[PDB]
Each structure stands twice: as C-alpha cells, then as structure tokens.
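In the form deposited in one PDB entry, a lone chain appears below as structure tokens.
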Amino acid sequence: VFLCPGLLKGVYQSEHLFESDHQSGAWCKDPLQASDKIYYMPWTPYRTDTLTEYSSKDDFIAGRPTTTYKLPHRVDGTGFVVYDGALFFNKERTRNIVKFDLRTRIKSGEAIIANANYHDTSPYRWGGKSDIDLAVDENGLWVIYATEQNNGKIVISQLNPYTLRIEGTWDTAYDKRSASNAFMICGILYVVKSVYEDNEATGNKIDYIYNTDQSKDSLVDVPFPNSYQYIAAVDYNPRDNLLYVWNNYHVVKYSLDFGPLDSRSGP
C-alpha cells in the first residue's frame, strides 16, 4: 500500500508540543484519515480506560478536546494505534488486541496474540505494562511483542487491520526489557535503547534492526533523542513520515531523514 521512504539513518527532534500531567502514555494520528485529528491516551496503571481525541495541535496544547472514547475494557501499556477509524490496543491482563471502531462506539473484533507475554511480563525498559506494541507503517498493521520461547527476545507480527488475524510471525534475537521502545518502517524493526531514571550512559540510540522481508537482522547506531531521560512511547506515521514520541511527560514529534533502502542475501 503506502510507499516506502527508504532506510532510516537520522532522527532529529523538530517539533515541541506541550507537557502532560502523566510521565507515560501515547499520542498518535490516523495515517488513513485525511483529517488532522490527534489521539491521546496517557498511562495510568489499572485506571487507563479512556482515549481522548483532538481536532488540532492548538486544541491539543490548550487541552481543548474534540470528544472522549470510553473503552469497554481497561488498556495495558502505551502500545495503542489508530488505523482506518478504529483503534487497536492491548486489552489489560490479556494477550489480546482489540479493534474498536471510533465514531460507531463498538468492538468490531478481538485478536488473540498466540503465546505473547503480557501484564509487565515482557515490557519495555520502564515496564508500565508496555508488553505489546501496535505499529503502523507502509506495509500496514503490526504487533511488537515477545514470547518466553525466545525468553524476553522480541517477536514481531503482521496483523490484518480488518479481520484481526496474524499474517506472519518473525522471531528476533534481541531482549524486550533491554529495549526502551521499538517501531516499524517498511516492515523493519528499529529498536530504541536509552538511559533512564545506578543509571549510567548505557547508550541513547537504535542499536538493533530486524528486516521482516528477507528475515535478516543487524546492529546499528542511529542517534535517538532522549533529553527527558524516560522514553514512554514511540509511534511512527507513514503518511507524514514522523515519530509521535511521548517522553517523561513531554509530548513531542521527531523528524526523520532517509537513506537508500538496501537488503543483502545468502541463505
């Protein structure tokens, strides 16, 4: 579907929005909606059950909301996405992804993510029940989770955004709890490693990448910004080619520069 912009090489913070009253959460747009709507779901342990929607950045800053989406179940972690007017999220204390149709207010589907670890079992570095991360890119819908077969090691899956079914599963040899956050571009996993709040300079960059197509994986050093020392959620947009990062209360957009897309083989 959406056209691949190339291989990500340079991440630069270009826009600085407001500061949240929550250290964690997620904020994103819909890359299938021609409207410039904004969806914001701040993390509140065992109390996250509402998704807020905003019409513009101006309304998003001033805290002027368009509408509120009360969800029929509690949400676990900052994984959520919004794709073709339906939000996808990790239903609390389950390995299920729930498709919820916004502006119809109905549960259209529920997908059981086979052998996935949930509820602060295989999360990101900060935990916060961020075990399963939904992802939207040029190839569509994704699920960045982890299995105990791998034992911590990230497991990525293609997920039909209309029928909610696993269209492939790729095992990665890189720990999830080590990962501060992860994302997808052209079906390629970019895994973010950042320092948090002993708290030494472990590193502030994407150190690992797994390619869905070809199943090959390599080590990297893409300089990722962590000025606020607590990366809460990173969500890529294929419509505007931007990262919709949440960081230690700071709601911010990160711009990208793309290099040539290459893939080598030898099985």
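We call the rigid core the largest set of C-alpha positions that still match within 1.5 Å between the two forms. When you see a residue number, it is the position in the sequence shown, counting from 1.
Quick note: we don't show the form deposited in another entry, though the next part is all about it.
In a rigid core superposition between this form and the one not shown, 229 is the single residue of 50, 215, 67, 229 whose Cα is displaced by 2 Å or more. Remark: with the core as the superposition reference, the CA shift of residue 170 between this form and the one not shown stays below 2 Å. For residue 153, the Cα coordinates differ by under 2 angstroms between this form and the one not shown after the core has been superposed. With the core held fixed between this form and the one not shown, residue 124 has its Cα displaced by at least 2 Å.
Relative to this form, in that other deposited form the C-alpha atoms of residue 39 and residue 124 separate from one another by 3 angstroms or more. With a change of no less than 3 Å, the CA-CA distance between residue 124 and residue 209 is larger in that other deposited form than in the form shown.
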